[PDB]
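Okay, structure first, notes after.
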Amino acid sequence: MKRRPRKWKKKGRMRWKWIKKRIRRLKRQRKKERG
Amino acid sequence: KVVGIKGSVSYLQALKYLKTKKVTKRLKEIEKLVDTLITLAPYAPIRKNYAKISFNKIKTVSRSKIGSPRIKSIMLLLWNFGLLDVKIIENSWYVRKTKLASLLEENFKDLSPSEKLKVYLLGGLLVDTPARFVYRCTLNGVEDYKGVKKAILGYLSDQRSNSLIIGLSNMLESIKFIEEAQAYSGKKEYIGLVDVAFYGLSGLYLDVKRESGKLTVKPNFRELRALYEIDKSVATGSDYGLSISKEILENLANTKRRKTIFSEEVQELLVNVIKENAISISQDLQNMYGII
Amino acid sequence: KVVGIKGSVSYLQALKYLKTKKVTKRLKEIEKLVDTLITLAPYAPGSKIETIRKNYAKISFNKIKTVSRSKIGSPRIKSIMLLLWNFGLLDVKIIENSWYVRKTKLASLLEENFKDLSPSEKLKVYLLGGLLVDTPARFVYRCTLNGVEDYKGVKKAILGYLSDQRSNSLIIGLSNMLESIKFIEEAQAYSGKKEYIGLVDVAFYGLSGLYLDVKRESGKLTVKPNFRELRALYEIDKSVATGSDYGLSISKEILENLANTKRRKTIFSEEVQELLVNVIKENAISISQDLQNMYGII
Amino acid sequence: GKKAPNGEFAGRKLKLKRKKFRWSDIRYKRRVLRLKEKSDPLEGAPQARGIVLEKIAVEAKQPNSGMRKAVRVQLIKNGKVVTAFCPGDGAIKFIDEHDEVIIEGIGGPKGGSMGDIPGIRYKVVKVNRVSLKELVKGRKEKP
Amino acid sequence: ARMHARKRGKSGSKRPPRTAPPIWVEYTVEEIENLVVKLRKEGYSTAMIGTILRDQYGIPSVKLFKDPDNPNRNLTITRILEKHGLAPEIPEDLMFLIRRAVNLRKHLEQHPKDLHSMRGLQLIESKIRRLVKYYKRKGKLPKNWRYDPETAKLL
Amino acid sequence: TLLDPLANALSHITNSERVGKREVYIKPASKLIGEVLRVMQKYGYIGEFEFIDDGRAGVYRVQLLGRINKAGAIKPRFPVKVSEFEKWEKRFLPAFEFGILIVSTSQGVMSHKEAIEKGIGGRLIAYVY
RNA sequence: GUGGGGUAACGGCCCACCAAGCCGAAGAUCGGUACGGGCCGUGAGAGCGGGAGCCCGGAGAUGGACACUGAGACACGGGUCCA
RNA sequence: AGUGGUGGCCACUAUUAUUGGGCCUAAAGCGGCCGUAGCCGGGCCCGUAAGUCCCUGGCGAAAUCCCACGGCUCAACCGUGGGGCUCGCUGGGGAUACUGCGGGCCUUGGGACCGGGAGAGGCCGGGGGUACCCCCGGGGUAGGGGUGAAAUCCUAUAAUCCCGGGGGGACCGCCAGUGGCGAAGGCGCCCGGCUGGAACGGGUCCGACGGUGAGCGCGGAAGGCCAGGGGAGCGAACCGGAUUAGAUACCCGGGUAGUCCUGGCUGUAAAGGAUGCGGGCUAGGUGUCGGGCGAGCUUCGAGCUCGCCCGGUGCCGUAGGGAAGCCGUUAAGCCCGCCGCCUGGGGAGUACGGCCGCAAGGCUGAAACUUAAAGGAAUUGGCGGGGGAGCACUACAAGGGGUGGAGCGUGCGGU
RNA sequence: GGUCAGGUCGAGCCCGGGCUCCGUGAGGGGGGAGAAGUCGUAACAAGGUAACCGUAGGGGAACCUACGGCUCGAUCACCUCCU
């Protein structure tokens, strides 16, 4: 999980923690669908 | 590998009250655990529908503080009766729901918990499941594990056994150490799949007696009759080439007709549901245990 | 219940070099790991559950390490131990969240007779001695002799072999292979994604170290023989026929290709080869009953 | 620290360093691996000939306001369908259904879209080989 | 001591740029030989031998007196130890590391949770191995000679 | 760890120049350094340069006449023929024959101008202007 | 490596026997990509790119395979077969 | 007699940086240490002459490149002559400074050793600390608890509270600080033992044994996970009370996992000094920490005052540096050594593939497409349910008068 | 020159299997451009509970909670940097 610090300045975007959690959830679902 | 449990050897005898009307704490605990696992299990009509079991997690799902061995034993039973597909990665457990599950649950969700468990076990026995093999072994007149050990060899001999090979092989694997547990030690320290099969049936028509490492089991012929005709009502299940001997058959004969096990609408509904979907559940059982 | 390992699918691929004299560090660590595993696992007689954990050896993987003060991954150890069990040189029992090991009769003898022999040759004699007696790996080898080229052949072969009832010497081991096939054929026959290794696969490895050559992913794990090595192998086999045919007939094509081949150099010097031949011939009954115990019901 | 390795013998490591980091540029990558070519609709052809299939108007990008006409063109060379801006005031009248037309890059930044109108990459230069600019000037006539 | 602790400390020691031995010193080049062999027969390494020479015997350095047997070379205590065969055959500076290493191995075998001492082991082992890498290149050791965690106990 | 005496020496010289100190003391003296110091003194960039035996590595002492702009040690020892000094001259010196370059040829270390008059190329080692 | 066949000619080129070698992190193998060079375009130059027109060397005749005659060919306007 | 449009290529571009790029705050120095190949490497003496350089033999075809003259009217083109061309090659000779290679000498680099002193260096055993929760008995009635208010909850079966006694788990306050130690994460009750490391003082020994480190290895805060124990308080999820238009929260009452022990995994963070590491140099002043040195005081202490050297650690600050913020011998200044990392924003840390892990997930990592900017410092204003100061009738405290209730006058909106 | 026995090259042909590319594809997801539509106030001043990072659970989303860290935090008193 490469982490670009520039993605943490909150203007025009959500707190980076929550987008990270969202994308992780997406990854879990996609892997599960393939199994 | 070994597929063994400790400590809970006496835990599974508490289903003896299922055929009665008395309800103890253990029985209601089991009734609470079973539906919990069933709902937890996924179902969608292989590697895409398997949930891992983490004991520290499935202990607060219902505020229980239950030891792991009990949890292992209960799903062992659920598989042994063909209600739950279990895959054991080394020191890990993975759970999937079957076709019969989410059909018995689908139609009989509103029955009493005790009768829900009872009908679940009955439906399991009704179809070609490992439990039905043990039931037919009893009907042929087995007393202990050794007769089952002979009957499995007999069944794999005929080469129609391909549908249920791996289940029998797992039983044989377990027996290869349950026999050791009872051969020399009076303490039945561990539980094999055979004992889990004996219990559950004890919750229907059998009676078990722990005896110096052994599991001496006897039938109660009234209920055995009360379910024999039910089995013959829908003959969508093979005897696996076994045959009832005399004494069991005649003891079935010449009896006072005990009460039908449940309400009559329950019996006919259970008949119809499995009749109109027998093929799919049989194929699922082939996936469970069948090879080709 | 399934038996198999993640990750190290191609770790035993490096074992094939032992056919030649080429030396590779992977093979070096494989040999060292085999040596250590056999060293720590004792030959007790367990035939009980209590005998295990009393006269067995508990395996602490974190203690197992190469001689570099460098940790060695667990799945490699799992594979190398599963192989040793598969060849009967060791006995494994997975007591819950633990692994226990005890030597067999083949062990404590194959080591005893060839102590001052080269490491590569030491491992080589271990595989051959595993093959020469009634081993499930030997069943696979005879299946190859019949002309089995993939897992499907082994599946059909064992299904037929269970149509005899004279199969109680390797019933549980072959059942374990059957279920491993059932649960890994889907991987190696559907979706073409290889992430686990069945018992047939770890059997195919080692044979590839002796006389076989195994291709890579076609989904399956297709294989081919080498007739030059097969001639010497079958010669040694028929020298000491202390292992059944299991009702598996040799295809005439393989027999003529054995005939059409010339003489290829024996696996070892004929002196140590004869030593191995006669020590196996001497103690066949004891080893046979031991393998009957830990592969058969009675 | 000092830029390294400034050694008299270390020319190798210098060469691998530079080759490695030249991949960090995007245009060198677009040249070497030919990515534009493997994504090309025009396969590097400065012109093309196609058949118009429909007239479509487009709203400009705000804060600019206006309606720009164009045509969706199926290209004979490979069959793909792409939009094509029509230049010149009062010009789309001279482009119609099922018209042989000649189409050409539109020359925005990076070879992209021009100004307000995004996405569109090409423009119409001749209809039935007759120059669009001429007919916009009106001296000639479409056949 | 910037080798691993990476601190720039300076407790080193100084001598004056005297090219000839002092005049006030009195012992003869053979007298110092007798005294140093006498000391070395007690079981004293070279360092403390020199300390005894400088402190009580007041000899600022053996380096100042040239080797009678070689004018091109300056007399050293160690060369005299070679002369009478009392020089060691492993380099001493490595033998101390050997003994320290084995002792620490014992201590940590009693104490399997002192990871800081484990890193200390990892540190010292590189010291012995680097000095061996040097001495092999010089030929003051057997060219096959190799430390072992077990053999080193014997030394 | 010290690697070369020369880069440090000329760095010391350039540092001392801007601050304007009179005397300097280059600690790691070597046989090469003196052959260097002779050259620009012959061209006048410095006053006397004296060796001092410290007993370890010698120290060179120089007083500065305030006529150095920068004195660098070209470290990667470029070799050069005679017909192409003009290129390298354009790299380290500011104008036509302004300053010098120092090269080492088969004869020894010596200034580049007399080298081209003697017509002997070699390894550039320093420059000062 | 030994000892020979075949070639205009040395050569595993080929054959029989013997031995286990050869290449790889200084990028083997595999894949993508391309006739090589003298040169050509641009740039103060380091350099970057390109190899079509002319000359040298290379190779090819619908794809493949094959033989006669010849000093020289498996031969664009000689021959045979398959597709 | 051309000019315009599109596409492709070099310049622009020090936006590929060997010449010659950046990584504290914008892209980028890695979470830390070790060490292999490789790269860079102390001084002096003897030798070789591979590299390096000079001379000379052959050769690197023509056309093409540059120049003078001549021919076509000059030119383009061509001729004669001169010089270069990728030219990487090769014979012989000469030099030895340096790199290389070989033999000898030397400590300053480095490493070892020894002696007082310092320290939350780590590990093990024992001992102790106040506080909290539970339990038992006595006193004692009528509430406690909590909040902006309450409410849930506890309580008369005796609560809260005070006293006597017993049990349980966690943690070691004040002394405490920019202290100290450690490679980093991190480390604090007292004693006994084992063990690492450094400084300081001494050449006391050896002699370049060194720096860096691709590939490798090692341990490494929290949280999660596996197996067994444990569970005082705290408190993920969850259960209620309350707040609110709505409250899946903030507030309150509970409450499982976790928090602790043993044995493993997971290899993680704004792991930040957002500063990868070693050497040489470059104005200063000032304190604290440890060691040494010199004086003086001393109720004679490992006590007390002043200066210096060494090592560690802060502040201010000259020149210098930098977009500035700021740094400035603890550089982010000038040189010398070695790796990684960066090349407009997003798509993205994604897809696909590989490896690892039991699992969560870790390491590696594009493309199409989209966009005129993103981003950094700093100035002025405006604004803050920020802070400070000074004010009042368009503010309020004191007092008084009075409107909107009825009618009407007047006018606004609407019919 | 024909026929037969054999050898060599072997173009091709049939079957089984491995691999790659293109087309079309039911069906599933997310990414971006538009502004109209709807819900909510998350962040920027202490953004009305400081903000952010690592980890895990929950929630329609903004998000909330829990433990360890950070000053890319304010008002101040302030241990306090200057004073």
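Following the order of the structure tokens, chains are lettered A, B, ..., residues in each are numbered from 1, and ligands are numbered from 1.
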Chain G contacts to chain D at 10 Å (only C-alpha atoms (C1' of nucleotides)) as an MDAnalysis selection string: chainID G and resid 26 32:33
Could those selected residues go to a file with N, CA, C and O atoms (P, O5', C5', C4', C3', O3' and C1' of nucleotides), as a PDB file, in the first residue's frame?
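What landed in part-v7.pdb:
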ATOM      1  P     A G  26      26.299  -8.106 -12.315  1.00  0.00           P
ATOM      2  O5'   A G  26      26.900  -8.038 -13.789  1.00  0.00           O
ATOM      3  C5'   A G  26      26.349  -7.150 -14.756  1.00  0.00           C
ATOM      4  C4'   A G  26      26.929  -7.367 -16.134  1.00  0.00           C
ATOM      5  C3'   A G  26      26.821  -8.791 -16.677  1.00  0.00           C
ATOM      6  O3'   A G  26      26.624  -8.749 -18.083  1.00  0.00           O
ATOM      7  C1'   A G  26      29.061  -8.137 -16.682  1.00  0.00           C
ATOM      8  P     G G  32       7.393 -12.732 -29.984  1.00  0.00           P
ATOM      9  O5'   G G  32       7.625 -11.193 -29.691  1.00  0.00           O
ATOM     10  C5'   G G  32       6.604 -10.423 -29.086  1.00  0.00           C
ATOM     11  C4'   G G  32       7.024  -8.989 -28.934  1.00  0.00           C
ATOM     12  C3'   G G  32       7.542  -8.322 -30.189  1.00  0.00           C
ATOM     13  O3'   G G  32       6.497  -7.885 -31.031  1.00  0.00           O
ATOM     14  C1'   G G  32       8.962  -7.813 -28.375  1.00  0.00           C
ATOM     15  P     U G  33       6.726  -7.828 -32.610  1.00  0.00           P
ATOM     16  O5'   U G  33       7.993  -6.885 -32.764  1.00  0.00           O
ATOM     17  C5'   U G  33       7.903  -5.506 -32.453  1.00  0.00           C
ATOM     18  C4'   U G  33       9.243  -4.832 -32.552  1.00  0.00           C
ATOM     19  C3'   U G  33       9.979  -5.065 -33.848  1.00  0.00           C
ATOM     20  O3'   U G  33       9.516  -4.207 -34.864  1.00  0.00           O
ATOM     21  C1'   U G  33      11.451  -5.406 -32.046  1.00  0.00           C
TER      22        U G  33
END
Selection near residue 116 in chain F, 12 Å with only C-alpha atoms (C1' of nucleotides), sequence-local residues under 5 positions removed, as a PyMOL selection string: chain F and resi 80-86+100-103+105+110-111+121-122
Distance query range 8-25 of chain A at most 10 Å, only C-alpha atoms (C1' of nucleotides), self and fewer than 4 positions along chain excluded, as a VMD selection string: (chain A and resid 1 3 to 4 29 to 30) or (chain H and resid 270 350 361) or (chain I and resid 42 to 44 51 to 54 62 to 63 72)
Residues of range 15-253 of chain B in strand (DSSP E or B), written as a PyMOL selection string: chain B and resi 51-52+84-87+94-97+190+206-211+214-219
Pairwise distance for CA of residue 162 in chain B and CA of residue 235 in chain B, rounded to one decimal in Å: 19.9 Å
Helix (DSSP H, G or I) residues, from DSSP on the backbone, in chain A, as a PyMOL selection string: chain A and resi 5-8+16-34
Go ahead and save the picked residues with N, CA, C and O atoms, as a PDB file, in the first residue's frame.
ATOM      1  N   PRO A   5       1.848  11.007   0.620  1.00  0.00           N
ATOM      2  CA  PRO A   5       1.384  11.945   1.646  1.00  0.00           C
ATOM      3  C   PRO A   5       0.544  13.076   1.087  1.00  0.00           C
ATOM      4  O   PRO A   5      -0.356  13.571   1.780  1.00  0.00           O
ATOM      5  N   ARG A   6       0.765  13.455  -0.164  1.00  0.00           N
ATOM      6  CA  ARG A   6       0.032  14.563  -0.754  1.00  0.00           C
ATOM      7  C   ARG A   6      -1.470  14.340  -0.750  1.00  0.00           C
ATOM      8  O   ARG A   6      -2.224  15.309  -0.843  1.00  0.00           O
ATOM      9  N   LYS A   7      -1.924  13.101  -0.648  1.00  0.00           N
ATOM     10  CA  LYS A   7      -3.348  12.817  -0.618  1.00  0.00           C
ATOM     11  C   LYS A   7      -3.977  13.064   0.740  1.00  0.00           C
ATOM     12  O   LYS A   7      -5.116  12.642   0.939  1.00  0.00           O
ATOM     13  N   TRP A   8      -3.291  13.713   1.679  1.00  0.00           N
ATOM     14  CA  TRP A   8      -3.845  13.922   3.009  1.00  0.00           C
ATOM     15  C   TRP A   8      -4.281  15.348   3.280  1.00  0.00           C
ATOM     16  O   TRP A   8      -4.848  15.610   4.341  1.00  0.00           O
ATOM     17  N   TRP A  16      -8.201  10.799   4.295  1.00  0.00           N
ATOM     18  CA  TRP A  16      -7.617   9.704   3.530  1.00  0.00           C
ATOM     19  C   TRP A  16      -7.883   8.351   4.180  1.00  0.00           C
ATOM     20  O   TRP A  16      -7.985   7.334   3.480  1.00  0.00           O
ATOM     21  N   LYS A  17      -8.027   8.320   5.502  1.00  0.00           N
ATOM     22  CA  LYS A  17      -8.360   7.081   6.194  1.00  0.00           C
ATOM     23  C   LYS A  17      -9.605   6.436   5.604  1.00  0.00           C
ATOM     24  O   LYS A  17      -9.631   5.229   5.341  1.00  0.00           O
ATOM     25  N   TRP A  18     -10.653   7.228   5.384  1.00  0.00           N
ATOM     26  CA  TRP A  18     -11.917   6.654   4.944  1.00  0.00           C
ATOM     27  C   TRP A  18     -11.880   6.209   3.494  1.00  0.00           C
ATOM     28  O   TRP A  18     -12.493   5.193   3.158  1.00  0.00           O
ATOM     29  N   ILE A  19     -11.201   6.937   2.612  1.00  0.00           N
ATOM     30  CA  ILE A  19     -11.098   6.407   1.262  1.00  0.00           C
ATOM     31  C   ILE A  19     -10.304   5.117   1.278  1.00  0.00           C
ATOM     32  O   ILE A  19     -10.631   4.181   0.544  1.00  0.00           O
ATOM     33  N   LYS A  20      -9.265   5.037   2.114  1.00  0.00           N
ATOM     34  CA  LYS A  20      -8.501   3.798   2.223  1.00  0.00           C
ATOM     35  C   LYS A  20      -9.386   2.646   2.676  1.00  0.00           C
ATOM     36  O   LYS A  20      -9.309   1.536   2.137  1.00  0.00           O
ATOM     37  N   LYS A  21     -10.248   2.893   3.657  1.00  0.00           N
ATOM     38  CA  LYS A  21     -11.162   1.847   4.103  1.00  0.00           C
ATOM     39  C   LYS A  21     -12.145   1.462   3.002  1.00  0.00           C
ATOM     40  O   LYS A  21     -12.437   0.276   2.806  1.00  0.00           O
ATOM     41  N   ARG A  22     -12.676   2.447   2.282  1.00  0.00           N
ATOM     42  CA  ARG A  22     -13.603   2.149   1.199  1.00  0.00           C
ATOM     43  C   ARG A  22     -12.958   1.243   0.167  1.00  0.00           C
ATOM     44  O   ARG A  22     -13.530   0.222  -0.240  1.00  0.00           O
ATOM     45  N   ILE A  23     -11.761   1.609  -0.275  1.00  0.00           N
ATOM     46  CA  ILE A  23     -11.117   0.835  -1.326  1.00  0.00           C
ATOM     47  C   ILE A  23     -10.773  -0.550  -0.812  1.00  0.00           C
ATOM     48  O   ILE A  23     -10.851  -1.531  -1.558  1.00  0.00           O
ATOM     49  N   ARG A  24     -10.377  -0.669   0.453  1.00  0.00           N
ATOM     50  CA  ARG A  24     -10.115  -1.999   0.982  1.00  0.00           C
ATOM     51  C   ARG A  24     -11.374  -2.854   0.944  1.00  0.00           C
ATOM     52  O   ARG A  24     -11.322  -4.029   0.564  1.00  0.00           O
ATOM     53  N   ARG A  25     -12.518  -2.279   1.321  1.00  0.00           N
ATOM     54  CA  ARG A  25     -13.769  -3.028   1.259  1.00  0.00           C
ATOM     55  C   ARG A  25     -14.042  -3.493  -0.161  1.00  0.00           C
ATOM     56  O   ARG A  25     -14.457  -4.639  -0.394  1.00  0.00           O
ATOM     57  N   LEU A  26     -13.812  -2.606  -1.120  1.00  0.00           N
ATOM     58  CA  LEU A  26     -13.996  -2.964  -2.518  1.00  0.00           C
ATOM     59  C   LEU A  26     -13.106  -4.136  -2.897  1.00  0.00           C
ATOM     60  O   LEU A  26     -13.541  -5.062  -3.594  1.00  0.00           O
ATOM     61  N   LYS A  27     -11.854  -4.107  -2.445  1.00  0.00           N
ATOM     62  CA  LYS A  27     -10.938  -5.200  -2.742  1.00  0.00           C
ATOM     63  C   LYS A  27     -11.444  -6.509  -2.163  1.00  0.00           C
ATOM     64  O   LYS A  27     -11.385  -7.555  -2.824  1.00  0.00           O
ATOM     65  N   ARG A  28     -11.931  -6.475  -0.922  1.00  0.00           N
ATOM     66  CA  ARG A  28     -12.443  -7.695  -0.307  1.00  0.00           C
ATOM     67  C   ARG A  28     -13.566  -8.274  -1.144  1.00  0.00           C
ATOM     68  O   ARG A  28     -13.579  -9.473  -1.445  1.00  0.00           O
ATOM     69  N   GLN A  29     -14.511  -7.427  -1.550  1.00  0.00           N
ATOM     70  CA  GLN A  29     -15.637  -7.949  -2.313  1.00  0.00           C
ATOM     71  C   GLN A  29     -15.167  -8.535  -3.631  1.00  0.00           C
ATOM     72  O   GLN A  29     -15.640  -9.599  -4.050  1.00  0.00           O
ATOM     73  N   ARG A  30     -14.289  -7.827  -4.337  1.00  0.00           N
ATOM     74  CA  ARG A  30     -13.878  -8.309  -5.648  1.00  0.00           C
ATOM     75  C   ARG A  30     -13.126  -9.623  -5.545  1.00  0.00           C
ATOM     76  O   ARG A  30     -13.346 -10.524  -6.359  1.00  0.00           O
ATOM     77  N   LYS A  31     -12.251  -9.765  -4.555  1.00  0.00           N
ATOM     78  CA  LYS A  31     -11.576 -11.042  -4.390  1.00  0.00           C
ATOM     79  C   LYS A  31     -12.565 -12.142  -4.038  1.00  0.00           C
ATOM     80  O   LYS A  31     -12.446 -13.262  -4.544  1.00  0.00           O
ATOM     81  N   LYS A  32     -13.542 -11.852  -3.179  1.00  0.00           N
ATOM     82  CA  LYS A  32     -14.511 -12.875  -2.804  1.00  0.00           C
ATOM     83  C   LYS A  32     -15.320 -13.336  -4.002  1.00  0.00           C
ATOM     84  O   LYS A  32     -15.579 -14.535  -4.139  1.00  0.00           O
ATOM     85  N   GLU A  33     -15.722 -12.412  -4.871  1.00  0.00           N
ATOM     86  CA  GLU A  33     -16.495 -12.807  -6.041  1.00  0.00           C
ATOM     87  C   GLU A  33     -15.724 -13.813  -6.885  1.00  0.00           C
ATOM     88  O   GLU A  33     -16.279 -14.832  -7.306  1.00  0.00           O
ATOM     89  N   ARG A  34     -14.443 -13.551  -7.135  1.00  0.00           N
ATOM     90  CA  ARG A  34     -13.615 -14.541  -7.810  1.00  0.00           C
ATOM     91  C   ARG A  34     -13.352 -15.744  -6.923  1.00  0.00           C
ATOM     92  O   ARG A  34     -13.069 -16.834  -7.427  1.00  0.00           O
TER      93      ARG A  34
END
Taking a cut-off of 7 Å and counting only C-alpha atoms (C1' of nucleotides), can you build a table that, for each residue of chain H near chain E, reports the nearest atom pair and how far apart they are in Å (one decimal), sorted by chain then residue number, as a tab-separated table?
residue	atom	partner	partner_atom	distance
H:112	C1'	E:93	CA	5.1
H:113	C1'	E:47	CA	5.7
H:114	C1'	E:48	CA	6.9
H:122	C1'	E:114	CA	5.5
H:123	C1'	E:114	CA	5.1
H:194	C1'	E:107	CA	6.5
H:195	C1'	E:117	CA	6.7
H:196	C1'	E:117	CA	5.2
H:200	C1'	E:11	CA	6.5
H:202	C1'	E:13	CA	6.1
H:203	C1'	E:13	CA	5.7
H:204	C1'	E:47	CA	4.6
H:205	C1'	E:47	CA	4.5
H:209	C1'	E:134	CA	5.2
H:310	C1'	E:10	CA	6.9
H:311	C1'	E:9	CA	5.7
Dump of C-alpha atoms (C1' of nucleotides) for the selected residues, as a PDB file, in the first residue's frame:
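Output contents, as saved in part22.pdb:
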ATOM      1  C1'   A H 112      42.282  -4.435  20.219  1.00  0.00           C
ATOM      2  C1'   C H 113      43.707  -3.634  25.423  1.00  0.00           C
ATOM      3  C1'   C H 114      43.962  -1.424  30.235  1.00  0.00           C
ATOM      4  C1'   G H 122      18.771  -5.478  28.067  1.00  0.00           C
ATOM      5  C1'   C H 123      17.446 -10.381  30.718  1.00  0.00           C
ATOM      6  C1'   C H 194      24.331 -12.272  33.984  1.00  0.00           C
ATOM      7  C1'   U H 195      25.132  -9.335  29.796  1.00  0.00           C
ATOM      8  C1'   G H 196      25.773  -5.309  25.715  1.00  0.00           C
ATOM      9  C1'   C H 200      37.053  10.044  29.286  1.00  0.00           C
ATOM     10  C1'   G H 202      47.249   6.093  28.225  1.00  0.00           C
ATOM     11  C1'   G H 203      50.178   4.532  21.862  1.00  0.00           C
ATOM     12  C1'   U H 204      49.372  -0.046  25.320  1.00  0.00           C
ATOM     13  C1'   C H 205      49.357  -3.479  21.064  1.00  0.00           C
ATOM     14  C1'   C H 209      42.483  -4.549   8.212  1.00  0.00           C
ATOM     15  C1'   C H 310      37.232  16.034  24.961  1.00  0.00           C
ATOM     16  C1'   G H 311      32.293  13.812  23.901  1.00  0.00           C
TER      17        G H 311
END
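For residue 4 in chain D, the set of protein, DNA and RNA residues having any atom at most 9 Å away, when counting only C-alpha atoms (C1' of nucleotides) and skipping those fewer than 2 positions along the same chain, is residues 1, 2, 6, 7 and 14 of chain D; 337, 338 and 339 of chain H.
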Deliver the residues from the most recent selection as a file, using C-alpha atoms (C1' of nucleotides), as a PDB file, in the first residue's frame.
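Heads up, here's the output in out.pdb:
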ATOM      1  CA  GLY D   1      25.518  13.715  -0.694  1.00  0.00           C
ATOM      2  CA  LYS D   2      27.668  13.836  -3.811  1.00  0.00           C
ATOM      3  CA  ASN D   6      31.569   9.693  -9.982  1.00  0.00           C
ATOM      4  CA  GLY D   7      34.188   7.016 -10.562  1.00  0.00           C
ATOM      5  CA  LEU D  14      25.953   5.319 -14.669  1.00  0.00           C
TER       6      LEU D  14
ATOM      7  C1'   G H 337      32.881   8.648  -1.155  1.00  0.00           C
ATOM      8  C1'   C H 338      28.320   5.039  -1.885  1.00  0.00           C
ATOM      9  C1'   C H 339      22.905   3.314  -2.607  1.00  0.00           C
TER      10        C H 339
END
Contacts of chain H with chain B up to 10 Å, shortest pair per row, only C-alpha atoms (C1' of nucleotides), as a Markdown table:
| residue | atom | partner | partner_atom | distance |
| --- | --- | --- | --- | --- |
| H:225 | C1' | B:54 | CA | 9.3 |
| H:226 | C1' | B:91 | CA | 8.6 |
| H:237 | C1' | B:60 | CA | 9.2 |
| H:238 | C1' | B:61 | CA | 9.5 |
| H:256 | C1' | B:60 | CA | 5.8 |
| H:257 | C1' | B:56 | CA | 7.6 |
| H:358 | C1' | B:92 | CA | 7.2 |
| H:359 | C1' | B:52 | CA | 8.9 |
For CA of residue 36 in chain B and CA of residue 9 in chain B, the interatomic separation in Å (one decimal): 22.2 Å
Residues of chain C within 10 Å of chain H, only C-alpha atoms (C1' of nucleotides) counted, as a list in words: residues 6, 7, 8, 60, 61, 62, 68, 69, 70, 71, 73, 96, 97 and 98 of chain C
Atom pair CA of residue 141 in chain D / CA of residue 91 in chain D: separation (Å): 12.5 Å
Each residue of chain F lying at most 10 Å from chain E should get a row with its shortest atom-to-atom pair and the distance in Å to one decimal, counting only C-alpha atoms; could you produce that, ordered by chain and increasing number, as JSON lines?
{"residue": "F:53", "atom": "CA", "partner": "E:17", "partner_atom": "CA", "distance": 8.5}
{"residue": "F:54", "atom": "CA", "partner": "E:17", "partner_atom": "CA", "distance": 6.6}
{"residue": "F:55", "atom": "CA", "partner": "E:17", "partner_atom": "CA", "distance": 4.8}
{"residue": "F:56", "atom": "CA", "partner": "E:17", "partner_atom": "CA", "distance": 7.9}
Nearest candidate to residue 204 in chain B (options B:50, B:135, B:155, B:240; using only C-alpha atoms): B:135
Polymer residues at most 12 Å from residue 86 in chain E, only C-alpha atoms (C1' of nucleotides), same-chain spacing of 5 or more positions, as an NGL selection string: :E and (36-46 or 77-81 or 92)
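Between chain C and the candidates B:200, B:130, B:4, B:69, the tightest atom-to-atom separation, counting only C-alpha atoms, involves B:4.
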Counting only C-alpha atoms (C1' of nucleotides), chain F residues within 12 Å of chain G, as a list in words: residues 87, 90 and 91 of chain F
Selected residues written out with N, CA, C and O atoms, as a short mmCIF file (atom, residue, chain, number, x, y, z; two decimals), in the first residue's frame:
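What landed in out33.cif:
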data_model
loop_
_atom_site.label_atom_id
_atom_site.label_comp_id
_atom_site.auth_asym_id
_atom_site.auth_seq_id
_atom_site.Cartn_x
_atom_site.Cartn_y
_atom_site.Cartn_z
N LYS F 87 38.97 22.27 -25.37
CA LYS F 87 37.70 21.83 -24.81
C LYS F 87 37.77 21.86 -23.30
O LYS F 87 36.97 22.54 -22.64
N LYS F 90 37.87 25.17 -21.70
CA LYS F 90 36.58 25.84 -21.64
C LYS F 90 35.71 25.34 -20.49
O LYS F 90 34.67 25.94 -20.22
N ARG F 91 36.11 24.26 -19.82
CA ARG F 91 35.28 23.64 -18.80
C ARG F 91 35.59 24.11 -17.39
O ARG F 91 34.70 24.11 -16.54
#
